[PDB]
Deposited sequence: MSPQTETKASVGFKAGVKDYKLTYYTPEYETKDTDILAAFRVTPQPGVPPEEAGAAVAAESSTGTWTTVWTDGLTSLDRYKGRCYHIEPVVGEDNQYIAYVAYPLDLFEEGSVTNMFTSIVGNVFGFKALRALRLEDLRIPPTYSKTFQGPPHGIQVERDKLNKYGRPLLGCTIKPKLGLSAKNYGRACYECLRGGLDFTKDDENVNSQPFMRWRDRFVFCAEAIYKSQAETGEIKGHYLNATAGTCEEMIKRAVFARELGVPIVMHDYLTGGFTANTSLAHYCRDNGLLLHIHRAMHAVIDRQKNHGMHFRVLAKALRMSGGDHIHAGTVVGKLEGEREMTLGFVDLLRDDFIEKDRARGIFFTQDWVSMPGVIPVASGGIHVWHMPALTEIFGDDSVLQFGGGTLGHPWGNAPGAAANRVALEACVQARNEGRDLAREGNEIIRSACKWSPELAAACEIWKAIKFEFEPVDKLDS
């Protein structure tokens, strides 16, 4: 042992089937070569230390180091590189997304030699993913529980999010649900607040769920937000939803956090509740191309920690490259086996070994004229959210819901007959306007 101040760059390392793999987009400081930057990413997210310590001689630290095993340049960027890092399975606490994030992204983003750093993807090996419950139910079970097949599901976030009494809030829910939406939704911000306390909201929303279900003959739900300041409060709210017998609750998984989210996913599994996940605050982390974590990493983490729905953004008003990235992480959320595909931002082949998928939820200023594109791009296993697109209908919530349900079913019918939604979508909608006055009224407010 001697005290005192590219070991982590191993380009010929063969990844193990038990390794957790990471793809980092790294921007070195001026004068830092890409190999030294990749080595630093691996060292500073594993066993790197600034001075030698005698305790290393009590173990075999090569068994615990992260290894940067490949570096590639990024096209169009003179100073960005993708550095691939392998982490041994033994670093990670079983079943803990919290520890997975801590271990991989806990420290390295602050290293001085890295001007910017973004985690783009993780390869979750089956040996590690089998230590997680995953979604409380997942896509196929949810469809069977709710008796819903053959079309995207439809939801609406109640607006204004704050300002309504609990009873007026529930009235809006009932009118949306009775017109043909499957779900209404608490805003991510709606938890418990002055003038709308959570238990009052739960009571009136439950009344609305059951009134609309009895009226329509279709099973209805409302994403009752259980997000709370403490774990005890969060579970208290899920417990009352359980008592009310309603089908679905909601969590803001990033602002509540993964430790609370995993607890709630366990409670939902144990009690038959579906779990709607909102990704509030994700753009603090995932927006900039040069620094943070891509949403697909946050999406894989939610599938592991547990949720039955997850918000996934929109594809309309987006360029082809952005839509391709969305479709990539939609497959990572829904499918059992996803082959590597860099054109869709899938940096690693991902095998979920029968962990159920999560329903992606599309949202963001969408209305009836977006129904062909949304149906074509997401397919059946999606929830399409129409907030202003329902409450903004000139005849009110039930006709607005009906216009959205008619538009969607018109698209589904035409698709099933073999028609091309990408080219015939506007005509399919116009044709339905001829017999649906609700859809015709929506189509004059908002434009193709």
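Student: Quick one: where does the model skip the deposited sequence?
Tutor: In the chain as deposited, 1-12, 18-21, 465-477 carry no coordinates.
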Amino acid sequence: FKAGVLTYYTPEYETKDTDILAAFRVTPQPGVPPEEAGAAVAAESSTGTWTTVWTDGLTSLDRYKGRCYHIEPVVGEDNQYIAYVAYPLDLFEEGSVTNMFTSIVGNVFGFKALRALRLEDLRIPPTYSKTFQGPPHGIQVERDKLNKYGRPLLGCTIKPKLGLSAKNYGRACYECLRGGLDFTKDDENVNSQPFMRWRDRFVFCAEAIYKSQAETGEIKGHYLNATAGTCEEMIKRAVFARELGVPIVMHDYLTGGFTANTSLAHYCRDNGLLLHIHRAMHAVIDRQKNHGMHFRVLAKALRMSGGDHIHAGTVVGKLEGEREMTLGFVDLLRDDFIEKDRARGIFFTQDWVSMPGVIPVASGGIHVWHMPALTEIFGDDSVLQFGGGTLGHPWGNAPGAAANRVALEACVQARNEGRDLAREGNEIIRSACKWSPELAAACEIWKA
From here on, numbers count along this sequence of modelled residues.
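Student: Give the stretch, out of 308-316 and 104-112, with the larger mean C-alpha temperature factor in the deposited entry.
Tutor: Mean C-alpha B-factor is greater for 308-316.
Student: Give the stretch, out of 266-274 and 367-375, with the larger mean C-alpha temperature factor in the deposited entry.
Tutor: 367-375 has the higher mean C-alpha B-factor.
Student: Looking at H70, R415, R405, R67, which has the highest Cα B-factor in the entry?
Tutor: When the deposited C-alpha B-factors of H70, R415, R405, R67 are compared, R415 is largest.
Student: Among the choices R334, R279, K289, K211, identify the one whose CA B-factor in the record is greatest.
Tutor: Comparing C-alpha B-factors across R334, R279, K289, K211, the maximum falls on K289.
Student: Taking only the Cα B-factors deposited for this chain, tell me whether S382 sits in the lowest, middle or highest third.
Tutor: Within its chain, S382 is a lowest-third residue by C-alpha B-factor, going by the deposited values.
Student: Taking only the Cα B-factors deposited for this chain, tell me whether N147 sits in the lowest, middle or highest third.
Tutor: Within its chain, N147 is a middle-third residue by C-alpha B-factor, going by the deposited values.
Student: Of the three thirds of its chain by CA temperature factor, lowest, middle or highest, which one includes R323?
Tutor: Highest third.
Student: Where does the C-alpha B-factor of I219 rank in its chain, lowest, middle or highest third?
Tutor: For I219, the deposited C-alpha B-factor lands in the middle third.
Student: Going by the recorded CA B-factors, say which third of the chain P360 sits in, lowest, middle or highest.
Tutor: As the PDB entry reports it, the C-alpha B-factor of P360 lands in the lowest third of its chain.
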